[PDB]
Structures are given as C-alpha cells and as structure tokens.
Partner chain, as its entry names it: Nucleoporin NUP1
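Next up: a single chain in structure tokens, the form deposited without its partner chain.
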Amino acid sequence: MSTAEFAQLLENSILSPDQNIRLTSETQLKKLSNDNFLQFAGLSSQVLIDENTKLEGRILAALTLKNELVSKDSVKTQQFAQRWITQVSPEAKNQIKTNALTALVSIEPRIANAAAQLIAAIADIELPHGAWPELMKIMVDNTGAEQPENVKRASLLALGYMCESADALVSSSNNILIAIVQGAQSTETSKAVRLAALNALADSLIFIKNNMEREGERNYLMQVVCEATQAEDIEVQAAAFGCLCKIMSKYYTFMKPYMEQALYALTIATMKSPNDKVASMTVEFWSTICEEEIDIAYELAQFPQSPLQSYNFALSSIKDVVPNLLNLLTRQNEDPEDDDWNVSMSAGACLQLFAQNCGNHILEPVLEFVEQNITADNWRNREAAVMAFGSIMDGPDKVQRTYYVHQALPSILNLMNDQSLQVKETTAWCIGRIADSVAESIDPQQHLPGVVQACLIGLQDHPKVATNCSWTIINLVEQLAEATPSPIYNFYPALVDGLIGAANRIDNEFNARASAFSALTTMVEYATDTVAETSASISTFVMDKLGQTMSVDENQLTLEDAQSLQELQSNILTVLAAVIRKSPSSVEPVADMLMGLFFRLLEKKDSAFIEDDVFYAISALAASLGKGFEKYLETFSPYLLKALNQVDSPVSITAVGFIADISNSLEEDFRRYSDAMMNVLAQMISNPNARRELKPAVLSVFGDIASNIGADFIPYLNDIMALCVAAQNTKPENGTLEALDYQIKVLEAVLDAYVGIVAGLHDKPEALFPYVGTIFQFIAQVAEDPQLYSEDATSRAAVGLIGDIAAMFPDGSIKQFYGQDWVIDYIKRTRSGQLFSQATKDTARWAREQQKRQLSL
C-alpha cells in the first residue's frame, strides 16, 4: 500500500464531510492494522513526517499507531506490547523510532505533541525490557539550554508522558528530574518551554517519589516551583500553583519546612493580589491543604495508631487566611445572572473546607465579619456576609451553630427584603444551609414562622431566588419531619399554596418551575393524615396540569418548545407518582382520571421519555386498587407486555412485580390473563439480554401465578420445571461476595416456584407426579447447604414441601422418597435447638408425621 493512499484514509477518517467515507476509511485503517501490523506501523510513521499530508492526518497517524501500542485495558496492553516486540522487524523499529524523534522536533508543535505521545507509548513497551537505551540520552540532551525552544518543549513534554505511564528510566530519574526542573527555572527560557516543564513535572510527580524523598533533590525542585509562583506571566504562575497543589496532595508529609520558611508567606501575599486569576490559584492551594487535612482526620479516626499526623496548616493560618478569604467573597460578578465561576465562588468553597477542617475555630473571624457586613452600604458586603454564614453551617459543633443561628437569624431572614437580587438569592440558600444542617436550632414557636415567611416572599420573587427557596423548603421538611413533634405540618397549607404558585409559572426560567415540583414531591413524600386536604390539593393541581400539557401534542411546536413541555410533564409525573405511593385515597376517587391520563400519555408518539415513569405509577396505583384494577387490565395489557419484554431494563422487573400483585389480588380470575403473561414470562429468563436481577424475579413469579392459577399452569409446568432445575444446578460465577448471595437469591426463587406450584396443584397430583423427584432433589441441596437450611424461612418452606407433597400422594405413589436417611435426618435437624423458630419446628412436626404415614402405607 502506498504511503499517499494510506495518508488519504487518515485524512478521510476525520476530514471527509461524507459520513460514509469516514466510516469506510476508519474501517480500512483498522483491518490493515490487524492483517499486516508491520506495514501499518511503518506507514503510520511515514505519514507523520510527510510534508504533503494535512496537519490532521499527520497528527492522526501518530495517535492511532499509539492506540495500537498502548491501551486502557491491561490485557490489550500486553497483547500490544508483545505484537510490537515480535511482529515489527528490527529494521522497522529503528525506522519508526527515527521518524518519531524527527517528528518530535518538528517546528509544528501539534505534530511534536503527537510524536511525544507515540514516543512515550513505544518507551512503555521497550524500556522495561532494556530496549531503546539511546532514548534517555536523546531526551535529556534535547533539554539542553542551547537547544532551540521547540526541541526543548516537546522533549520535556515527552519526558512527562513517559514517566506518567511508566512501569534505565529509574537509574535515569535524577537526570529526568533535573532536566524537567531545569526547564522551569531561569526566568529567561521561553514561556512555552517553562510551561511544558511545569506540566511535565506534574505528570511525573508520582514516578519521582524516591527523588521527592531526598532533602537535596526535593529542595531544589521546591525552590523552582516556588519561584514560578512569582512569575509575571499568568499561565506560568497557574502551572506552578498547579504543581504545588499536587505536591501538597502527594507529599503533605514533607511540607512543614517549606510552609514555615516560604510558602506560608508567599500564599498570603498572592491571596491579596488584585488579579482574580492569581488569588484564585492560591485559594485552591489552601483548599487542597484543607482537603488533605480533612482526609487525615478520617484516616486517624479509623487507624488511630497511624504514623501520619496533621501539621494543622489551616488551623495555624486562620488569623491570616480566613479574613483574606472573606475579603474575596466580595468579588462577585456585577451581572446578577452571569453564573461564571470566579474567585469569590472559589473562596466560598475554601471557607466551607476551612469550617469542616477547623470546626469551632472558624467562628470568631467569620462572626466578626458577618455582623460587620450583614447591614453594610454595599450589596457585595451584605451578600458576602450571608454567604460566609452558610459556609460555616457544616464543621462547627451543634451547640455553637445553634447558638449563633439563634442569634443571627432575624438579620438573615430580614435580607429577603433587599433590593439586590444576589443578596436575596444567597440569603435563601443560607436559610437552607441552616435547615439542612441544624434544623433543631429553629424553635417552632419563635423562628419557624419567620423562615416560612421568608420562603413565601422568595417564591414570588425573581426565579433565581424562588429556586433556592424551593430547595430550602425541601431541606426544612427533611431535617424537621424526622423530629417526633414535627412543627412543619402547621405550615403545610401556606407552603403547598406558595409552591403551587411557583409551579404555575409561565415558564421554567432558572429552574424555578422544576424546583417547585421537586418541592411538591417532597411535601407529598413527608405528608401525614393530619395534612390530607392539602396533600389532596396537590394531586388535584397536578392532574389538572398534566391533562393541560396533553392538550397540544409535541409535533405542533419547535423542538425547543416540545422539550420544555416534556420537562414539565416529567416534573408533574414525579409528584403524581409520589401521591400514589402515599395516599391513593385522593386519586382512587378519580382512578379513571389518572388511568385516563396515563393511557393517553402512553398512546401518543414520542412517549419513550415518560413510559417507564407512567408504568411505575400505574403499578403502584394497581397495588392499591387490588381487584379494583381489573377493569383496566385489558387496555393496560399491551403496555405490560411492552415492559416485560425490555429484559435489559429495570422496568421489566417491576413488570414482573406487577404480575405478582394482580395474580395475588385477583386469584382464579387471573386465569383470564394468565396465558399471554406466561408466554412472555417463559421466554424472558432465556433471553441473552436479561439482566441478572430478572431471573430470580421471574423464577419467583412462576410461584405466584401457579398458586393463583392452579390447573391452568399445567401447559407451562414442564417448561418452568426445566428453568428451575438448570437454575438449581448453577454454581456461583466466581467466589466473591455477590457471586454466592445472588446464587442464593436464585435458589430462594426456585424454592418460591415449587412452593407456589405445590400450592396451585393441590387438587391435581397427577400433573405434579412427574416432578416429585426433581423437587426432593432440590430439598437435598437445602439440607446440604447452610446458606439455605440455616435460614429459618427457607427451612420451614423446604420441610413444608416435604409434608404438603406427602399429603397429595396418600396411595404410596411416592413413599420411596420418605424412607431416605437424609430426609429423616433433615426433619430432625429442623426440630432442634433455637436457630429455628417455633413456627418452623411445628411445620417440621407436620412433615415428620406425614413422613411416618408414607412408610406405613
């Protein structure tokens, strides 16, 4: 194959506007890789350095050869390693390598970058076997100061990648570290080279551990990275802080001296910087510090002997750092609806970490700030204050938080009347941070009313504000209703009323509508009898609303308009599902409404988005109505089969569940729908796409059906006996946790099936007769395996089968089973000790007596 023809495939793979060309070209490249890897590799290396090929094709040449050399999968990596070693001729190896090194020094940086990636990939394969010994010297020599900017840059880059994926390299580590750090020191190297070095150091941090664990090398390295923080170039600073963060994460242990001697002072200074990017960089450093100190606290709690110890950098710095962080909270975006992440948001995150890490020690500086800005001229100050307060609602102990919440709440609640949108937005959030973390700090008689009033104001305000109030109401209802004398219900009508107002918003701008529906869902989740009239107002509202959305089907408006509508119908269904899973009392009277609406929903096109939700909702409604659901079963049947057949989806499992319930609520009348269900159920389990969870669900539902359906199950009896005989002889997939607990789940579901079958066929012994041996064989496994027999319920079932089966064959047709030793011995084990409850022992008595009659026939 020509190098030019190969180059055209590569260009076509990503540059062709024709999708069929792209697919074809990628396919042709792939088979060339499989059939003649030697040639593929070689040609790839040539297009890389081919001046006639477009950038994209040359870059792609390097990357895809690399993707045939190294891999995320650990078996593929060994396969690829071996292929390169055995299939590529020594002549081609040198040819490829030489091309890569040339490409690495290209004046076009994106080519050198890709060449850097390919070089690293080849080094992963060859360096562990002491091959490509020339490489280190090349790589280090390209880092020489006299070398041109590009040659140094891509080489440092290549060194980075090389170390990062690494498995000479080790004995060359000093030379690497020096070469990397060299390229970053000296103010007067190129920005790009200095950048490339700092990033190469980052990628290499784990692989230079032994270097980092030497005062000499570590100090040098740390000198350079610290200097780089004080670069005039912003990106170089960002790279430097980037390394500092990683170093703090990786090598916290060694950081105290550098903190004490330099970093402590450098990072206080830069935290003040009037440039937001700079202050951001350094805030992150301190967040990292807090994160690693917080994780240390967890680690000591679970390993109190650990030789690791916190240096308390945060704690020691609160006097300097926290005030400077609080100062950065007043650098918000003027534009109330910017939402772009900035240094103030970074500062807030860092303060929360400071709270969580220093606990109570955070209180003094923050409360001094809050009290002093909570009613200041500037909105920025007012907002920073309520921000600050909410940021410390997690970390300090319950006593402190309660005390200061109690003290500051009147001022906070009062800020809902502010002219500033940002202040109100953050104020509403602050309320929810109080609720979510210290609900019992809000006395029901003297605080909770002021809170509710603040939320109801905010639901009528700008949508950004109303969104937060909804989430805050959710928090309130969650952390309050868990207290036995819950005072929230006293306010349910006021809250449900204001929430509906928000749910009736013209649109869902800034999620104010979707928020409100989520709140309504929660209000319903935590409803009690006391609040039925208001819980009923919810279902009445959303049913009306759902019907309303259905008036105009989607294929009338723009895509955009349809998706906004479908979001609203999804929002409504969340509430409607929760109402049915709590108080069907308020929708049983309009059962036809819901079903009417649900059937309409499932009728129309483009329903796939709600189908499962509606199915889940119907199921739960059906559970309530019991026999009351039969009048729908007809028209619901298509959708039930639709759901059962989706064996890869969880919806099939609740479909199995739905059958369990209607088979049990109806009984002998299920016979009318029995066959169509079973024709599907008998297939499901042997479908190559069936989930794991499906099998035991189905195995057990055969039990349900058989017991309710009786003689009508017989046509399917043999087919089901095959399925749970194969199942009972199935060993664990491996030896792990789930392996056996699933296998037991299967075995318990086989037991459900036989129990249900024996129950169902009480009147029809002739039909069961051929399977007595099969069942007694399963009972042998129960008697054998402790995971089965030691479970009280499983044994009582097993030993109950022994008895019930005997009661069906009073002519000695099966008496040969009752004379076996294991059976006499199994009945005996079940009447012994405590393990087995009284109910089990009394069933074992029944089985013992039935078994004695068999022998005396």
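Residue numbers count along the first chain shown, from 1.
The protein also exists as the form deposited with its partner chain bound; that form is not presented, and the subsequent description refers to it.
Only one of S306, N210, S316, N490 comes within 4.5 Å of its partner chain in the bound PDB entry through a heavy atom, and that residue is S316.
Proximity to its partner chain in the bound PDB entry, defined as a heavy atom within 4.5 Å, holds among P90, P786, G216, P485 only for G216. Although the partner is absent here, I178 is a contact residue: one of its heavy atoms lies within 4.5 angstroms of its partner chain in the bound PDB entry.
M550 falls outside the set of residues with a heavy atom inside 4.5 Å of its partner chain in the bound PDB entry. A residue is said to contact a partner when one of its heavy atoms sits within 4.5 Å of a partner heavy atom; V772 fails this definition for its partner chain in the bound PDB entry, lying far away.
Under a 4.5 angstroms non-hydrogen atom cutoff, its partner chain in the bound PDB entry lacks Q78 among its neighbouring residues.
Using a 4.5 Å cut-off to its partner chain in the bound PDB entry, each of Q185, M222 and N312 places a heavy atom inside that distance. This chain is displayed without its partner chain, yet in the bound PDB entry the stretch 222 to 230 from 367 to 375, 455 to 463, 380 to 388, 222 to 230 comes within 4.5 Å of it by heavy atoms. In the bound PDB entry, not one residue of 277 to 297 has a heavy atom within 4.5 Å of its partner chain.
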